[PDB]
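A short write-up of the structure that comes next.
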Amino acid sequence: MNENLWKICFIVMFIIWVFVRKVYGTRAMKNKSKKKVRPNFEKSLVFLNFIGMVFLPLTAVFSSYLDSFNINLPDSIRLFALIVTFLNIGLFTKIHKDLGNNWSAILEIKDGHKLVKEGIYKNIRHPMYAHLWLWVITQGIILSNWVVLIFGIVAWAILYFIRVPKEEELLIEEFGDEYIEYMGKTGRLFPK
Ligand SMILES: Nc1ncnc2c1ncn2[C@@H]1O[C@H](CSCC[C@H](N)C(=O)O)[C@@H](O)[C@H]1O
């Protein structure tokens, strides 16, 4: 109930959410790049979310600035998020482990890149995104603030929406038919 509390909660899930990536990422950044794509652009699109995921909500916690925009939400609906975010971080570490040396945020195609249909990736390509999709939906409700809610959602949806079709096109360049088959056998976010 205490508001100062939820902040302490989130800044943890976050702190750990970040830890999960900081671990798996530096591991796959030690693998050299082959072809990148419009990276000077994606970088910004990312950094755009970087506001949405981190810079922005960090300041719904460590600062009172955004206070007037928060949603005055009942504790019931907030916990519902806190649960799901938990499940998320699992899924994250699931996904993120399933991916490993292939991951980047910029559309890299890595030197030894191997296409993975096998993991949480069977029946879902871009699970990670679907994760992120949730991530932004949840953290707004958890933090119960409209800006942190509304903004974050947008900045992703965009990056998402203009991101994915190049990504798919890109993977098709490299893997050719193996990817077209894949998409037939998979959905983008939910399965089937
Ligand atoms: N199905 C796949 N198998 C292996 N690498 C993939 C992949 N889909 C995307 N990638 C790589 O992953 C990087 C983006 S990370 C995003 C991965 C996936 N879209 C997800 O959200 O779960 C891109 O550089 C792309 O080269």
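Ligands are numbered from 1 in the order shown, chains are lettered A, B, ... in the order of the structure tokens, and residues start at 1 in each chain.
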Residues within 10 Å of ligand 1 (only C-alpha atoms and all ligand atoms), as a short mmCIF file (atom, residue, chain, number, x, y, z; two decimals) with N, CA and C atoms, in the first residue's frame?
data_model
loop_
_atom_site.label_atom_id
_atom_site.label_comp_id
_atom_site.auth_asym_id
_atom_site.auth_seq_id
_atom_site.Cartn_x
_atom_site.Cartn_y
_atom_site.Cartn_z
N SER A 33 31.05 -9.05 -35.46
CA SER A 33 29.91 -8.82 -36.35
C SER A 33 30.25 -9.13 -37.81
N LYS A 35 27.52 -8.59 -40.86
CA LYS A 35 26.82 -7.50 -41.53
C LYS A 35 25.87 -6.85 -40.54
N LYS A 36 25.88 -5.52 -40.49
CA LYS A 36 24.94 -4.83 -39.63
C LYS A 36 23.99 -4.16 -40.59
N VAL A 37 22.94 -3.51 -40.10
CA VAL A 37 21.97 -2.88 -41.01
C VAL A 37 21.44 -1.54 -40.50
N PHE A 92 12.35 -14.03 -19.82
CA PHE A 92 13.50 -13.29 -20.30
C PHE A 92 14.70 -14.19 -20.26
N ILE A 95 14.35 -17.05 -22.73
CA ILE A 95 14.60 -16.51 -24.06
C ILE A 95 16.07 -16.18 -24.22
N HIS A 96 16.51 -15.25 -23.40
CA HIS A 96 17.85 -14.73 -23.49
C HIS A 96 18.94 -15.77 -23.40
N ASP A 98 18.27 -19.04 -24.39
CA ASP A 98 17.99 -19.75 -25.63
C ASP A 98 18.71 -19.09 -26.83
N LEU A 99 18.88 -17.78 -26.77
CA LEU A 99 19.45 -17.03 -27.89
C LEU A 99 20.97 -17.02 -27.82
N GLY A 100 21.51 -16.38 -26.79
CA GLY A 100 22.93 -16.45 -26.53
C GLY A 100 23.77 -15.69 -27.52
N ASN A 101 24.75 -16.35 -28.12
CA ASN A 101 25.73 -15.67 -28.97
C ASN A 101 25.16 -14.95 -30.21
N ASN A 102 23.89 -15.17 -30.52
CA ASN A 102 23.28 -14.54 -31.68
C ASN A 102 22.69 -13.15 -31.44
N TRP A 103 22.46 -12.82 -30.18
CA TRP A 103 21.73 -11.60 -29.86
C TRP A 103 22.49 -10.30 -30.13
N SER A 104 21.75 -9.28 -30.53
CA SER A 104 22.22 -7.90 -30.51
C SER A 104 20.99 -7.01 -30.47
N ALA A 105 21.14 -5.73 -30.16
CA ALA A 105 19.97 -4.86 -30.25
C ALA A 105 19.86 -4.12 -31.61
N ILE A 106 20.92 -4.20 -32.42
CA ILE A 106 21.07 -3.40 -33.65
C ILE A 106 20.77 -4.10 -35.01
N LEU A 107 20.28 -5.34 -34.99
CA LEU A 107 20.21 -6.15 -36.22
C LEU A 107 21.57 -6.58 -36.76
N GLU A 108 22.46 -7.05 -35.89
CA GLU A 108 23.73 -7.60 -36.35
C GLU A 108 23.44 -8.96 -36.93
N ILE A 109 24.21 -9.36 -37.91
CA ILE A 109 24.26 -10.76 -38.24
C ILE A 109 25.67 -11.17 -37.91
N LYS A 110 25.80 -11.96 -36.85
CA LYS A 110 27.11 -12.25 -36.27
C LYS A 110 27.93 -13.23 -37.10
N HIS A 113 26.84 -16.82 -37.02
CA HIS A 113 25.43 -16.77 -36.63
C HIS A 113 24.71 -18.07 -36.94
N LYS A 114 24.01 -18.62 -35.95
CA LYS A 114 23.23 -19.83 -36.15
C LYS A 114 21.75 -19.55 -35.90
N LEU A 115 20.89 -19.98 -36.82
CA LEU A 115 19.48 -19.69 -36.68
C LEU A 115 18.92 -20.68 -35.70
N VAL A 116 18.13 -20.19 -34.75
CA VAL A 116 17.56 -21.04 -33.72
C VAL A 116 16.03 -21.15 -33.80
N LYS A 117 15.56 -22.32 -34.23
CA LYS A 117 14.14 -22.64 -34.17
C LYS A 117 13.79 -23.43 -32.90
N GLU A 118 14.83 -23.83 -32.18
CA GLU A 118 14.74 -24.93 -31.22
C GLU A 118 14.22 -24.66 -29.80
N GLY A 119 14.27 -23.41 -29.35
CA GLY A 119 14.08 -23.09 -27.94
C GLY A 119 12.66 -22.72 -27.54
N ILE A 120 12.56 -21.72 -26.67
CA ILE A 120 11.32 -20.98 -26.51
C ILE A 120 10.96 -20.40 -27.88
N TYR A 121 11.92 -20.48 -28.80
CA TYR A 121 11.77 -20.05 -30.19
C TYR A 121 10.97 -20.98 -31.11
N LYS A 122 10.78 -22.24 -30.72
CA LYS A 122 9.83 -23.07 -31.44
C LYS A 122 8.47 -22.40 -31.26
N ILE A 124 7.49 -19.53 -31.55
CA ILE A 124 7.63 -18.07 -31.48
C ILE A 124 8.99 -17.51 -31.96
N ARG A 125 9.00 -16.70 -33.01
CA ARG A 125 10.21 -15.98 -33.37
C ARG A 125 9.95 -14.60 -32.81
N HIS A 126 10.99 -13.90 -32.39
CA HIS A 126 10.83 -12.66 -31.62
C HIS A 126 10.02 -12.83 -30.34
N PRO A 127 10.33 -13.88 -29.55
CA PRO A 127 9.76 -13.98 -28.21
C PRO A 127 10.20 -12.79 -27.36
N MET A 128 11.50 -12.52 -27.41
CA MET A 128 12.08 -11.39 -26.70
C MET A 128 11.21 -10.15 -26.84
N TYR A 129 10.83 -9.82 -28.07
CA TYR A 129 9.99 -8.66 -28.28
C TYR A 129 8.70 -8.81 -27.51
N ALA A 130 8.06 -9.95 -27.69
CA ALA A 130 6.85 -10.23 -26.95
C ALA A 130 7.10 -10.03 -25.46
N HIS A 131 8.30 -10.35 -25.01
CA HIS A 131 8.67 -10.08 -23.63
C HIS A 131 8.66 -8.58 -23.38
N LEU A 132 9.44 -7.87 -24.18
CA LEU A 132 9.51 -6.43 -24.10
C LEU A 132 8.11 -5.85 -24.16
N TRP A 133 7.29 -6.39 -25.05
CA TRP A 133 5.93 -5.92 -25.16
C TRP A 133 5.27 -5.92 -23.80
N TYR A 160 9.54 -1.58 -32.27
CA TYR A 160 9.00 -2.85 -32.68
C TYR A 160 8.56 -2.83 -34.12
N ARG A 163 10.84 -2.04 -36.70
CA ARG A 163 12.00 -2.90 -36.54
C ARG A 163 11.82 -4.26 -37.17
N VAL A 164 10.69 -4.89 -36.91
CA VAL A 164 10.59 -6.32 -37.19
C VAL A 164 10.68 -6.69 -38.67
N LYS A 166 12.20 -5.44 -41.22
CA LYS A 166 13.58 -5.44 -41.72
C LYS A 166 14.30 -6.65 -41.13
N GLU A 167 14.07 -6.90 -39.85
CA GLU A 167 14.71 -8.00 -39.13
C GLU A 167 14.45 -9.32 -39.81
N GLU A 168 13.19 -9.54 -40.16
CA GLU A 168 12.75 -10.75 -40.84
C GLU A 168 13.33 -10.80 -42.23
N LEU A 170 15.92 -9.35 -43.10
CA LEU A 170 17.33 -9.58 -42.85
C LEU A 170 17.64 -11.05 -42.64
N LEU A 171 16.90 -11.70 -41.75
CA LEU A 171 17.14 -13.11 -41.49
C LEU A 171 16.90 -13.94 -42.72
N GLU A 174 20.06 -14.11 -44.87
CA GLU A 174 21.07 -15.06 -44.40
C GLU A 174 20.65 -16.51 -44.50
N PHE A 175 19.50 -16.83 -43.94
CA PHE A 175 19.07 -18.22 -43.84
C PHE A 175 18.17 -18.70 -44.97
N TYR A 179 14.24 -19.83 -43.09
CA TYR A 179 13.46 -18.84 -42.36
C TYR A 179 12.01 -18.77 -42.83
N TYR A 182 10.25 -21.41 -41.26
CA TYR A 182 10.10 -21.08 -39.86
C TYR A 182 8.84 -20.25 -39.62
N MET A 183 8.73 -19.13 -40.31
CA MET A 183 7.58 -18.23 -40.16
C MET A 183 6.24 -18.93 -40.37
N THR A 186 5.60 -20.75 -37.23
CA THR A 186 5.64 -19.90 -36.05
C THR A 186 4.80 -18.63 -36.18
N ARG A 188 4.44 -14.47 -34.46
CA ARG A 188 5.39 -13.44 -34.04
C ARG A 188 5.51 -13.39 -32.53
N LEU A 189 4.38 -13.31 -31.85
CA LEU A 189 4.38 -13.13 -30.40
C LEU A 189 3.75 -14.31 -29.64
#
Selection: 10 Å around residue 159 in chain A, only C-alpha atoms, excl. self and same-chain fewer than 5 positions, as a PDB file with C-alpha atoms, in the first residue's frame:
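result-v7.pdb, written as the output of this step:
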ATOM      1  CA  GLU A  42      18.469   1.506 -35.002  1.00  0.00           C
ATOM      2  CA  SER A  44      18.732   5.813 -31.896  1.00  0.00           C
ATOM      3  CA  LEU A  45      15.454   3.882 -32.108  1.00  0.00           C
ATOM      4  CA  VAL A  46      16.894   1.792 -29.302  1.00  0.00           C
ATOM      5  CA  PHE A  47      18.108   4.728 -27.312  1.00  0.00           C
ATOM      6  CA  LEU A  48      14.584   5.889 -27.724  1.00  0.00           C
ATOM      7  CA  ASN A  49      13.325   2.920 -25.811  1.00  0.00           C
ATOM      8  CA  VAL A 154       4.714   3.897 -27.692  1.00  0.00           C
ATOM      9  CA  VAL A 164      10.592  -6.321 -37.191  1.00  0.00           C
TER      10      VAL A 164
END
| task | Can you work out the spacing between CA of residue 83 in chain A and CA of residue 13 in chain A in Å, to one decimal? | result |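 Distance between the two atoms: 10.8 Å.
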Quick one: everything within 8 Å of residue 135 in chain A, counting only C-alpha atoms, minus sequence neighbours fewer than 4 positions away in the same chain. Send it as number ranges by chain.
A: 85, 88, 131, 139
For this session: Skip range 147-153 of chain A itself and residues of its chain fewer than 3 positions away, then list as a PyMOL selection string all residues within 6 Å of it, counting only C-alpha atoms.
Result: chain A and resi 52+57+136+140+156
Taken to one decimal, the CA of residue 50 in chain A-CA of residue 155 in chain A distance is 8.9 Å
DSSP alpha helix (DSSP H) residues within range 4-189 of chain A, as a PyMOL selection string: chain A and resi 4-28+39-50+56-61+75-99+127-143+146-175+177-185
Among A:19, A:123, A:59, A:53, residue 192 in chain A is approached most closely, using only C-alpha atoms, by A:123
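Between CA of residue 187 in chain A and CA of residue 23 in chain A lies a distance of 27.9 Å.
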Restricting to only C-alpha atoms, whichever of A:68, A:14, A:5, A:177 is closest to residue 55 in chain A is A:14
